[PDB]
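Novice: Contents of my_file.pdb (PDB, C-alpha atoms (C1' of nucleotides) and all ligand atoms) are given next:
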```
ATOM      1  CA  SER A   2     -14.470  14.169 -92.086  1.00  0.00           C
ATOM      2  CA  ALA A   3     -13.505  11.600 -94.668  1.00  0.00           C
ATOM      3  CA  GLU A   4     -10.941  10.119 -92.207  1.00  0.00           C
ATOM      4  CA  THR A   5     -13.716   9.635 -89.654  1.00  0.00           C
ATOM      5  CA  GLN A   6     -15.828   7.978 -92.324  1.00  0.00           C
ATOM      6  CA  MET A   7     -12.926   5.661 -93.310  1.00  0.00           C
ATOM      7  CA  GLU A   8     -12.464   4.778 -89.618  1.00  0.00           C
ATOM      8  CA  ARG A   9     -16.185   3.924 -89.390  1.00  0.00           C
ATOM      9  CA  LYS A  10     -15.790   1.568 -92.338  1.00  0.00           C
ATOM     10  CA  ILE A  11     -12.831  -0.177 -90.629  1.00  0.00           C
ATOM     11  CA  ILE A  12     -14.868  -0.564 -87.416  1.00  0.00           C
ATOM     12  CA  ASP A  13     -17.806  -1.995 -89.414  1.00  0.00           C
ATOM     13  CA  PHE A  14     -15.412  -4.416 -91.085  1.00  0.00           C
ATOM     14  CA  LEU A  15     -14.148  -5.685 -87.712  1.00  0.00           C
ATOM     15  CA  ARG A  16     -17.719  -5.925 -86.344  1.00  0.00           C
ATOM     16  CA  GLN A  17     -18.739  -7.990 -89.420  1.00  0.00           C
ATOM     17  CA  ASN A  18     -15.636 -10.140 -89.734  1.00  0.00           C
ATOM     18  CA  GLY A  19     -14.001 -10.462 -86.345  1.00  0.00           C
ATOM     19  CA  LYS A  20     -10.351 -10.092 -85.511  1.00  0.00           C
ATOM     20  CA  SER A  21      -8.220  -9.356 -88.579  1.00  0.00           C
ATOM     21  CA  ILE A  22      -4.689  -8.452 -89.640  1.00  0.00           C
ATOM     22  CA  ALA A  23      -4.122  -5.125 -91.458  1.00  0.00           C
ATOM     23  CA  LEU A  24      -3.502  -6.797 -94.825  1.00  0.00           C
ATOM     24  CA  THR A  25      -6.980  -8.332 -94.791  1.00  0.00           C
ATOM     25  CA  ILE A  26      -8.731  -5.110 -93.747  1.00  0.00           C
ATOM     26  CA  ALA A  27      -6.808  -3.220 -96.448  1.00  0.00           C
ATOM     27  CA  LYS A  28      -7.932  -5.579 -99.208  1.00  0.00           C
ATOM     28  CA  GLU A  29     -11.635  -5.190 -98.246  1.00  0.00           C
ATOM     29  CA  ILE A  30     -11.738  -1.439 -97.557  1.00  0.00           C
ATOM     30  CA  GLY A  31      -9.555  -1.139-100.713  1.00  0.00           C
ATOM     31  CA  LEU A  32      -6.933   1.137 -99.150  1.00  0.00           C
ATOM     32  CA  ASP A  33      -3.174   0.622 -99.082  1.00  0.00           C
ATOM     33  CA  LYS A  34      -1.766  -1.095 -95.954  1.00  0.00           C
ATOM     34  CA  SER A  35      -0.059   2.115 -94.628  1.00  0.00           C
ATOM     35  CA  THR A  36      -3.286   4.061 -94.790  1.00  0.00           C
ATOM     36  CA  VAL A  37      -5.183   1.285 -93.013  1.00  0.00           C
ATOM     37  CA  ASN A  38      -2.452   1.180 -90.372  1.00  0.00           C
ATOM     38  CA  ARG A  39      -2.644   4.958 -89.904  1.00  0.00           C
ATOM     39  CA  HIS A  40      -6.349   4.503 -89.141  1.00  0.00           C
ATOM     40  CA  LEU A  41      -5.921   1.390 -86.959  1.00  0.00           C
ATOM     41  CA  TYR A  42      -3.372   3.147 -84.709  1.00  0.00           C
ATOM     42  CA  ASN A  43      -5.601   6.289 -84.462  1.00  0.00           C
ATOM     43  CA  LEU A  44      -8.486   3.938 -83.567  1.00  0.00           C
ATOM     44  CA  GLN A  45      -6.245   2.476 -80.886  1.00  0.00           C
ATOM     45  CA  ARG A  46      -5.468   5.941 -79.492  1.00  0.00           C
ATOM     46  CA  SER A  47      -9.211   6.576 -79.400  1.00  0.00           C
ATOM     47  CA  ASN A  48      -9.881   3.298 -77.552  1.00  0.00           C
ATOM     48  CA  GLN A  49     -11.965   1.743 -80.327  1.00  0.00           C
ATOM     49  CA  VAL A  50      -9.620  -1.119 -81.274  1.00  0.00           C
ATOM     50  CA  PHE A  51      -6.640  -3.003 -79.801  1.00  0.00           C
ATOM     51  CA  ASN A  52      -3.878  -5.078 -81.342  1.00  0.00           C
ATOM     52  CA  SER A  53      -2.572  -8.452 -80.192  1.00  0.00           C
ATOM     53  CA  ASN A  54       1.215  -7.848 -80.195  1.00  0.00           C
ATOM     54  CA  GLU A  55       1.581 -10.663 -82.636  1.00  0.00           C
ATOM     55  CA  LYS A  56       3.633 -10.167 -85.820  1.00  0.00           C
ATOM     56  CA  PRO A  57       1.594  -9.469 -87.866  1.00  0.00           C
ATOM     57  CA  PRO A  58      -0.661  -7.753 -85.275  1.00  0.00           C
ATOM     58  CA  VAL A  59      -4.251  -8.966 -85.076  1.00  0.00           C
ATOM     59  CA  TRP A  60      -6.785  -6.159 -84.591  1.00  0.00           C
ATOM     60  CA  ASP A  61     -10.165  -6.292 -82.926  1.00  0.00           C
ATOM     61  CA  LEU A  62     -12.845  -4.118 -81.327  1.00  0.00           C
ATOM     62  CA  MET A  63     -12.496  -2.835 -77.754  1.00  0.00           C
TER      63      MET A  63
ATOM     64  CA  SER B   2      23.620  -0.372-111.887  1.00  0.00           C
ATOM     65  CA  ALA B   3      22.007   2.939-111.098  1.00  0.00           C
ATOM     66  CA  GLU B   4      21.664   1.873-107.415  1.00  0.00           C
ATOM     67  CA  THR B   5      25.411   1.242-107.280  1.00  0.00           C
ATOM     68  CA  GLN B   6      25.998   4.648-108.826  1.00  0.00           C
ATOM     69  CA  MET B   7      23.665   6.312-106.268  1.00  0.00           C
ATOM     70  CA  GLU B   8      25.548   4.505-103.473  1.00  0.00           C
ATOM     71  CA  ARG B   9      28.846   5.845-104.872  1.00  0.00           C
ATOM     72  CA  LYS B  10      27.436   9.365-104.731  1.00  0.00           C
ATOM     73  CA  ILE B  11      26.421   8.880-101.063  1.00  0.00           C
ATOM     74  CA  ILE B  12      29.922   7.587-100.228  1.00  0.00           C
ATOM     75  CA  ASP B  13      31.490  10.589-102.016  1.00  0.00           C
ATOM     76  CA  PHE B  14      29.207  12.884-100.040  1.00  0.00           C
ATOM     77  CA  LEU B  15      30.360  11.378 -96.725  1.00  0.00           C
ATOM     78  CA  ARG B  16      34.029  11.506 -97.823  1.00  0.00           C
ATOM     79  CA  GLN B  17      33.613  15.219 -98.720  1.00  0.00           C
ATOM     80  CA  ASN B  18      31.454  16.287 -95.797  1.00  0.00           C
ATOM     81  CA  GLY B  19      32.102  13.990 -92.870  1.00  0.00           C
ATOM     82  CA  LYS B  20      29.561  12.347 -90.634  1.00  0.00           C
ATOM     83  CA  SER B  21      25.986  13.267 -91.562  1.00  0.00           C
ATOM     84  CA  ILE B  22      22.367  12.465 -90.746  1.00  0.00           C
ATOM     85  CA  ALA B  23      20.138  11.044 -93.522  1.00  0.00           C
ATOM     86  CA  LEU B  24      18.159  14.276 -93.916  1.00  0.00           C
ATOM     87  CA  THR B  25      21.311  16.184 -94.851  1.00  0.00           C
ATOM     88  CA  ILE B  26      22.549  13.551 -97.315  1.00  0.00           C
ATOM     89  CA  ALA B  27      19.078  13.437 -98.897  1.00  0.00           C
ATOM     90  CA  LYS B  28      18.987  17.190 -99.496  1.00  0.00           C
ATOM     91  CA  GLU B  29      22.392  17.144-101.284  1.00  0.00           C
ATOM     92  CA  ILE B  30      21.993  13.968-103.361  1.00  0.00           C
ATOM     93  CA  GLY B  31      18.427  15.254-104.030  1.00  0.00           C
ATOM     94  CA  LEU B  32      16.674  11.980-103.187  1.00  0.00           C
ATOM     95  CA  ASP B  33      13.826  11.451-100.736  1.00  0.00           C
ATOM     96  CA  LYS B  34      14.832  10.399 -97.188  1.00  0.00           C
ATOM     97  CA  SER B  35      13.465   6.799 -97.574  1.00  0.00           C
ATOM     98  CA  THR B  36      15.506   6.213-100.691  1.00  0.00           C
ATOM     99  CA  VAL B  37      18.648   7.561 -99.025  1.00  0.00           C
ATOM    100  CA  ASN B  38      17.955   5.328 -96.029  1.00  0.00           C
ATOM    101  CA  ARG B  39      17.498   2.294 -98.290  1.00  0.00           C
ATOM    102  CA  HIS B  40      20.988   2.996 -99.649  1.00  0.00           C
ATOM    103  CA  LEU B  41      22.573   3.799 -96.261  1.00  0.00           C
ATOM    104  CA  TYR B  42      21.380   0.486 -94.761  1.00  0.00           C
ATOM    105  CA  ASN B  43      22.576  -1.470 -97.867  1.00  0.00           C
ATOM    106  CA  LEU B  44      25.920   0.355 -97.492  1.00  0.00           C
ATOM    107  CA  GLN B  45      25.953  -0.793 -93.882  1.00  0.00           C
ATOM    108  CA  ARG B  46      25.308  -4.409 -94.910  1.00  0.00           C
ATOM    109  CA  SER B  47      28.205  -4.074 -97.343  1.00  0.00           C
ATOM    110  CA  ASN B  48      30.521  -2.684 -94.638  1.00  0.00           C
ATOM    111  CA  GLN B  49      31.004   0.708 -96.291  1.00  0.00           C
ATOM    112  CA  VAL B  50      29.263   2.877 -93.673  1.00  0.00           C
ATOM    113  CA  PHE B  51      28.133   2.640 -90.032  1.00  0.00           C
ATOM    114  CA  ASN B  52      25.547   4.512 -88.003  1.00  0.00           C
ATOM    115  CA  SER B  53      25.918   5.962 -84.514  1.00  0.00           C
ATOM    116  CA  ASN B  54      22.750   4.648 -82.798  1.00  0.00           C
ATOM    117  CA  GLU B  55      21.751   8.190 -82.109  1.00  0.00           C
ATOM    118  CA  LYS B  56      18.229   9.379 -82.990  1.00  0.00           C
ATOM    119  CA  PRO B  57      18.563  10.638 -85.661  1.00  0.00           C
ATOM    120  CA  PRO B  58      21.408   8.245 -86.619  1.00  0.00           C
ATOM    121  CA  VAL B  59      24.668   9.837 -87.732  1.00  0.00           C
ATOM    122  CA  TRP B  60      26.316   8.045 -90.666  1.00  0.00           C
ATOM    123  CA  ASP B  61      29.973   7.861 -91.567  1.00  0.00           C
ATOM    124  CA  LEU B  62      32.501   5.860 -93.582  1.00  0.00           C
ATOM    125  CA  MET B  63      33.910   2.560 -92.293  1.00  0.00           C
TER     126      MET B  63
ATOM    127  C1'  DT C   1      12.497 -12.166 -83.724  1.00  0.00           C
ATOM    128  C1'  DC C   2       8.961  -7.053 -90.713  1.00  0.00           C
ATOM    129  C1'  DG C   3       6.515  -4.871 -85.516  1.00  0.00           C
ATOM    130  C1'  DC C   4       6.166   0.336 -89.485  1.00  0.00           C
ATOM    131  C1'  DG C   5       1.355   3.719 -87.630  1.00  0.00           C
ATOM    132  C1'  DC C   6       5.810   8.420 -88.820  1.00  0.00           C
ATOM    133  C1'  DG C   7       2.285  13.625 -89.563  1.00  0.00           C
TER     134       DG C   7
ATOM    135  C1'  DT D   1      12.767   7.475 -75.675  1.00  0.00           C
ATOM    136  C1'  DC D   2      10.538   8.977 -84.635  1.00  0.00           C
ATOM    137  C1'  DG D   3      14.875   4.625 -84.600  1.00  0.00           C
ATOM    138  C1'  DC D   4      11.752   3.401 -90.233  1.00  0.00           C
ATOM    139  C1'  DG D   5      15.849   0.837 -94.065  1.00  0.00           C
ATOM    140  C1'  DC D   6      10.545  -2.890 -95.223  1.00  0.00           C
ATOM    141  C1'  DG D   7      11.752  -5.436-100.891  1.00  0.00           C
TER     142       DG D   7
HETATM  143 MN    MN E   1      11.946  -5.728 -84.669  1.00  0.00          MN
HETATM  144 MN    MN E   2      11.201   3.466 -80.586  1.00  0.00          MN
END
```
Output the file's structure in the form of structure tokens.

Specialist:
Amino acid sequence: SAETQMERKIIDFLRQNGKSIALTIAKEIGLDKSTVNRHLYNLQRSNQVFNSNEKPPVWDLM
Amino acid sequence: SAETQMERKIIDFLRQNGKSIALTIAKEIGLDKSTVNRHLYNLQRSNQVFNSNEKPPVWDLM
DNA sequence: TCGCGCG
DNA sequence: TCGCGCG
């Protein structure tokens, strides 16, 4: 699905750029912050990423 | 302002109907839930309403 | 001590 | 144990 494909792009972004906050990932994938966050939290449910518990949270690959 | 006027309508709604959750107020004022909540929390800052700490919160007049 | 992803 | 108002 297109959501899966968007998630793949987010994973590629983190692989290429290292740990990142949502606002940065959103600017590069070119999606609004809420949409990026929807994907980041699904990716966390699916054990592909984790967040740092900072505010703002820092995201990276599992 | 129009925001003030919207807030007045929400207050009138609570005066006429008694304590209410946001979803109910939204349906009657005919505004989306987020907009109603924006107003309810401003009205709380301005000491005109309070919420019950229930989930969903129940709102009423101070 | 805004974290918010919420369907 | 969705509370979400967020500018
Ligand atoms: Mn908080
Ligand atoms: Mn909670």

Novice: What are the closest atom pairs, with distances in Å to one decimal, for all residues of chain A lying within 12 Å of ligand MN 1 (chain E)? Consider all atoms listed in the file, order rows by chain and residue number, and present the result as JSON lines.

Specialist:
```
{"residue": "A:54", "atom": "CA", "partner": "E:MN1", "partner_atom": "MN", "distance": 11.8}
{"residue": "A:55", "atom": "CA", "partner": "E:MN1", "partner_atom": "MN", "distance": 11.7}
{"residue": "A:56", "atom": "CA", "partner": "E:MN1", "partner_atom": "MN", "distance": 9.5}
{"residue": "A:57", "atom": "CA", "partner": "E:MN1", "partner_atom": "MN", "distance": 11.5}
```

Novice: The selected residues should be written to file as a short mmCIF file (atom, residue, chain, number, x, y, z; two decimals), keeping the file's coordinate frame (atoms: C-alpha atoms).

Specialist:
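Result file result-v8.cif:
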```cif
data_model
loop_
_atom_site.label_atom_id
_atom_site.label_comp_id
_atom_site.auth_asym_id
_atom_site.auth_seq_id
_atom_site.Cartn_x
_atom_site.Cartn_y
_atom_site.Cartn_z
CA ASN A 54 1.22 -7.85 -80.19
CA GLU A 55 1.58 -10.66 -82.64
CA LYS A 56 3.63 -10.17 -85.82
CA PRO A 57 1.59 -9.47 -87.87
#
```

Novice: Identify every residue of chain C that has at least one atom within 8 Å of any atom of chain A, counting all atoms listed in the file, and report the result as a ChimeraX atom specification.

Specialist: /C:2-3,5

Novice: For a test of reading the model, state the distance in Å between atom CA of residue 21 of chain B and atom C1' of residue 1 of chain D, rounded to one decimal.

Specialist: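 Value for the atom CA of residue 21 of chain B-atom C1' of residue 1 of chain D distance: 21.5 Å.
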
Novice: Figure out the distance between atom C1' of residue 6 of chain C and atom CA of residue 15 of chain A, please, to one decimal in Å.

Specialist: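 Interatomic distance here is 24.5 Å.
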
Novice: Calculate how many Å separate atom CA of residue 52 of chain A from atom CA of residue 30 of chain A, rounding to one decimal.

Specialist: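 Spanning atom CA of residue 52 of chain A to atom CA of residue 30 of chain A is a straight-line distance of 18.4 Å.
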
Novice: Please superimpose chain B on chain A using every C-alpha atom, paired by order, in a least-squares fit, and write the moved chain as an mmCIF file with C-alpha atoms, in the coordinates of the input.

Specialist:
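Result went into out_0.cif, see below:
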```cif
data_model
loop_
_atom_site.group_PDB
_atom_site.id
_atom_site.type_symbol
_atom_site.label_atom_id
_atom_site.label_comp_id
_atom_site.auth_asym_id
_atom_site.auth_seq_id
_atom_site.Cartn_x
_atom_site.Cartn_y
_atom_site.Cartn_z
ATOM 1 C CA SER B 2 -14.470 14.168 -92.086
ATOM 2 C CA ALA B 3 -13.505 11.601 -94.668
ATOM 3 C CA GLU B 4 -10.941 10.119 -92.208
ATOM 4 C CA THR B 5 -13.716 9.635 -89.654
ATOM 5 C CA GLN B 6 -15.828 7.977 -92.325
ATOM 6 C CA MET B 7 -12.926 5.661 -93.310
ATOM 7 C CA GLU B 8 -12.464 4.778 -89.618
ATOM 8 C CA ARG B 9 -16.185 3.923 -89.390
ATOM 9 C CA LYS B 10 -15.790 1.568 -92.338
ATOM 10 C CA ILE B 11 -12.831 -0.177 -90.629
ATOM 11 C CA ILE B 12 -14.869 -0.563 -87.416
ATOM 12 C CA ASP B 13 -17.805 -1.995 -89.414
ATOM 13 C CA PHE B 14 -15.412 -4.417 -91.085
ATOM 14 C CA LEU B 15 -14.147 -5.685 -87.712
ATOM 15 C CA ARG B 16 -17.719 -5.924 -86.345
ATOM 16 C CA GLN B 17 -18.739 -7.990 -89.420
ATOM 17 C CA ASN B 18 -15.637 -10.140 -89.734
ATOM 18 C CA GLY B 19 -14.001 -10.462 -86.345
ATOM 19 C CA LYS B 20 -10.351 -10.092 -85.512
ATOM 20 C CA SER B 21 -8.220 -9.355 -88.579
ATOM 21 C CA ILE B 22 -4.690 -8.452 -89.640
ATOM 22 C CA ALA B 23 -4.122 -5.125 -91.458
ATOM 23 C CA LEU B 24 -3.502 -6.797 -94.825
ATOM 24 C CA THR B 25 -6.980 -8.332 -94.791
ATOM 25 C CA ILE B 26 -8.731 -5.110 -93.746
ATOM 26 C CA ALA B 27 -6.808 -3.220 -96.447
ATOM 27 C CA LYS B 28 -7.932 -5.579 -99.208
ATOM 28 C CA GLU B 29 -11.635 -5.191 -98.246
ATOM 29 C CA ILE B 30 -11.738 -1.439 -97.557
ATOM 30 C CA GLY B 31 -9.555 -1.139 -100.713
ATOM 31 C CA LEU B 32 -6.932 1.138 -99.150
ATOM 32 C CA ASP B 33 -3.174 0.622 -99.082
ATOM 33 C CA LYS B 34 -1.766 -1.095 -95.954
ATOM 34 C CA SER B 35 -0.059 2.115 -94.627
ATOM 35 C CA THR B 36 -3.286 4.061 -94.790
ATOM 36 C CA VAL B 37 -5.183 1.285 -93.013
ATOM 37 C CA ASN B 38 -2.452 1.180 -90.372
ATOM 38 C CA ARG B 39 -2.643 4.958 -89.904
ATOM 39 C CA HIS B 40 -6.349 4.503 -89.141
ATOM 40 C CA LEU B 41 -5.921 1.390 -86.959
ATOM 41 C CA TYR B 42 -3.372 3.148 -84.709
ATOM 42 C CA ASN B 43 -5.601 6.289 -84.462
ATOM 43 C CA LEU B 44 -8.486 3.938 -83.568
ATOM 44 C CA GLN B 45 -6.245 2.476 -80.886
ATOM 45 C CA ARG B 46 -5.468 5.940 -79.492
ATOM 46 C CA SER B 47 -9.211 6.576 -79.399
ATOM 47 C CA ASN B 48 -9.881 3.298 -77.551
ATOM 48 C CA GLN B 49 -11.965 1.743 -80.328
ATOM 49 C CA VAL B 50 -9.620 -1.119 -81.274
ATOM 50 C CA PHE B 51 -6.641 -3.003 -79.801
ATOM 51 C CA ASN B 52 -3.879 -5.078 -81.342
ATOM 52 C CA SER B 53 -2.572 -8.452 -80.192
ATOM 53 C CA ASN B 54 1.215 -7.848 -80.195
ATOM 54 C CA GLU B 55 1.581 -10.663 -82.636
ATOM 55 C CA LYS B 56 3.633 -10.167 -85.820
ATOM 56 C CA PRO B 57 1.594 -9.469 -87.866
ATOM 57 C CA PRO B 58 -0.661 -7.753 -85.276
ATOM 58 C CA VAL B 59 -4.251 -8.966 -85.076
ATOM 59 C CA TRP B 60 -6.784 -6.159 -84.591
ATOM 60 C CA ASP B 61 -10.165 -6.292 -82.926
ATOM 61 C CA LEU B 62 -12.844 -4.118 -81.327
ATOM 62 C CA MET B 63 -12.495 -2.835 -77.754
#
```

Novice: Could you tell me, as a PyMOL selection string, which residues have any atom at most 8 Å from (-1.0, -8.1, -92.3), counting all atoms listed in the file?

Specialist: chain A and resi 22-25+34+57-59

Novice: Would you write out, as a count of residues only, every residue that the PyMOL selection byres (((chain A and resi 12) around 12) and not hetatm) captures in this file?

Specialist: 32

Novice: Provide segment 23-45 of chain B rebuilt to N, CA, C and O atoms, formatted as a compact mmCIF listing (two decimals), in the frame of the given file.

Specialist:
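Written out: rebuild.txt:
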```txt
# COMPACT_ATOMS: atom_id res chain seq x y z
N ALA B 23 20.78 11.34 -92.25
CA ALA B 23 20.14 11.04 -93.52
C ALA B 23 19.50 12.27 -94.18
O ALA B 23 19.55 12.41 -95.38
N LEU B 24 18.90 13.15 -93.38
CA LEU B 24 18.16 14.28 -93.92
C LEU B 24 19.12 15.18 -94.68
O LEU B 24 18.82 15.62 -95.77
N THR B 25 20.30 15.39 -94.15
CA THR B 25 21.31 16.18 -94.85
C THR B 25 21.81 15.58 -96.19
O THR B 25 21.94 16.28 -97.20
N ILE B 26 22.10 14.28 -96.16
CA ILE B 26 22.55 13.55 -97.32
C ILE B 26 21.45 13.61 -98.36
O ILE B 26 21.71 13.87 -99.54
N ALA B 27 20.20 13.36 -97.95
CA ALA B 27 19.08 13.44 -98.90
C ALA B 27 18.95 14.77 -99.61
O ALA B 27 18.74 14.79 -100.83
N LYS B 28 19.10 15.87 -98.89
CA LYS B 28 18.99 17.19 -99.50
C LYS B 28 20.06 17.42 -100.57
O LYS B 28 19.77 18.00 -101.62
N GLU B 29 21.29 16.97 -100.31
CA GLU B 29 22.39 17.14 -101.28
C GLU B 29 22.37 16.18 -102.48
O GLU B 29 22.61 16.58 -103.63
N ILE B 30 22.09 14.92 -102.25
CA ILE B 30 21.99 13.97 -103.36
C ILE B 30 20.68 14.23 -104.13
O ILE B 30 20.55 13.87 -105.32
N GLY B 31 19.71 14.86 -103.45
CA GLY B 31 18.43 15.25 -104.03
C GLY B 31 17.47 14.09 -104.17
O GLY B 31 16.67 14.04 -105.12
N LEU B 32 17.57 13.13 -103.24
CA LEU B 32 16.67 11.98 -103.19
C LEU B 32 15.83 12.06 -101.93
O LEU B 32 16.23 12.66 -100.94
N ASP B 33 14.65 11.45 -101.95
CA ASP B 33 13.83 11.45 -100.74
C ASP B 33 14.54 10.68 -99.61
O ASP B 33 15.33 9.77 -99.89
N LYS B 34 14.23 11.03 -98.37
CA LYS B 34 14.83 10.40 -97.19
C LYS B 34 14.74 8.84 -97.19
O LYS B 34 15.71 8.17 -96.84
N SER B 35 13.63 8.25 -97.63
CA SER B 35 13.46 6.80 -97.57
C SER B 35 14.40 6.13 -98.53
O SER B 35 14.93 5.07 -98.27
N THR B 36 14.58 6.73 -99.70
CA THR B 36 15.51 6.21 -100.69
C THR B 36 16.95 6.28 -100.20
O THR B 36 17.69 5.32 -100.35
N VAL B 37 17.33 7.42 -99.65
CA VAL B 37 18.65 7.56 -99.02
C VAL B 37 18.84 6.52 -97.94
O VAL B 37 19.89 5.88 -97.89
N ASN B 38 17.82 6.32 -97.09
CA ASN B 38 17.95 5.33 -96.03
C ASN B 38 18.08 3.91 -96.57
O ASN B 38 18.86 3.13 -96.06
N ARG B 39 17.33 3.59 -97.62
CA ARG B 39 17.50 2.29 -98.29
C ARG B 39 18.99 2.08 -98.64
O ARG B 39 19.59 1.06 -98.30
N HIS B 40 19.58 3.07 -99.28
CA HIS B 40 20.99 3.00 -99.65
C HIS B 40 21.93 2.96 -98.47
O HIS B 40 22.90 2.20 -98.49
N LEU B 41 21.69 3.79 -97.44
CA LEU B 41 22.57 3.80 -96.26
C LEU B 41 22.59 2.42 -95.57
O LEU B 41 23.66 1.94 -95.18
N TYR B 42 21.42 1.80 -95.41
CA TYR B 42 21.38 0.49 -94.76
C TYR B 42 21.98 -0.62 -95.63
O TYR B 42 22.63 -1.52 -95.09
N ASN B 43 21.84 -0.53 -96.97
CA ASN B 43 22.58 -1.47 -97.87
C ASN B 43 24.08 -1.26 -97.71
O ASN B 43 24.83 -2.23 -97.60
N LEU B 44 24.50 0.01 -97.69
CA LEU B 44 25.92 0.36 -97.49
C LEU B 44 26.43 -0.13 -96.14
O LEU B 44 27.59 -0.44 -95.99
N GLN B 45 25.57 -0.21 -95.14
CA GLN B 45 25.95 -0.79 -93.88
C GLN B 45 26.11 -2.32 -93.96
O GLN B 45 27.07 -2.88 -93.42
```
